[PDB]
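Below, in structure tokens: the form deposited in one PDB entry, a single chain.
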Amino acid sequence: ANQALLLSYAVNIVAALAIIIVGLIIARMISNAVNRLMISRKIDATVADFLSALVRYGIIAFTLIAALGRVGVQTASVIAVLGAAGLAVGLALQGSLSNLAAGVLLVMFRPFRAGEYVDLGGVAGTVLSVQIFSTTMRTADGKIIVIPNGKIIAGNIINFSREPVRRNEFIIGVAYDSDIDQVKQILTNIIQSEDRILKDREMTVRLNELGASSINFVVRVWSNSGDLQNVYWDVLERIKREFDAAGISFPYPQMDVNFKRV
């Protein structure tokens, strides 16, 4: 019935609620101002949202410490409990944070961009988009692959499309009795008559290996990246036709058999 204490306790609860409200307002205002200030300085929008969220949650933590102190909770208790809750949220969000930073780095440095054909860690396909946590790519046969961004930046990135010009390599195996000069001359005429092969680049035509059943010639020629596959197919069909017309044999696997009738 002695209300002098009950009024003080209710007034402390009201002061705590008022501190909570004013602190949430001030946190939203200051975080929005810092976000607009970072966006005006051409900071990346994701980095700006991340730092603004950190500012907002820090001001809210100051507010919670002040209010819970008004209702008698000690500062060490609030700091320990907020640290435990933040550690739990951080353990939950750790992988997403790694993927988020990786996606910012991928958009910032552009090791690849949408439309390029890439090989990310052994999967290969055309990049479709880099998103907040993962990259989507479409394989040559139309499957969709989703890869987390952190796994992408942690590994090698092979970009098939970045270079305008790329090299074909042919390995032609001919019979051991084939005339070497005739083979080199025919392959040279074939790659010389192909307009899509760049003549200012290397145009290797060399005997390369003495194989088990055949001698292997290597042909290396450069082309624009959009012509590479068609040049490979056209040159291969021309090699087949010209070697057939010239009598140069493509050998079947060979075997000397030393007969013994026991």
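All residue numbers are counted from 1 along the displayed sequence. Here, rigid core means the biggest group of C-alpha atoms that superpose within 1.5 Å across both forms.
There is another form of this protein, the form deposited in another entry, and it is not shown here; the text below is about that form.
Q: With the two forms superposed on the core, which of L236, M203, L54, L207 shows a CA shift of 2 angstroms or more between the shown form and the other one?
A: Result of the comparison: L54.
Q: Would the C-alpha of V219 be classed as shifted by 2 Å or more between the shown form and the other one after rigid-core alignment?
A: The answer is no, as the C-alpha of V219 shifts between the shown form and the other one by less than 2 Å after core alignment.
Q: With a threshold of 2 Å on the C-alpha, tell me if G142 counts as moved between the shown form and the other one once the core is superposed.
A: No, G142 moves less than 2 Å.
Q: Using a rigid core alignment, state whether the CA of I248 is displaced by 2 Å or more between the shown form and the other one.
A: Where the cores coincide, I248 shows only a C-alpha shift between the shown form and the other one that is less than 2 Å.
Q: Are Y57 and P148 closer or farther apart at their Cα atoms in the other form than shown, with the shift being 3 Å or more?
A: Between the C-alphas of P148 and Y57, the gap widens in the other form (3 Å or more compared with this form).
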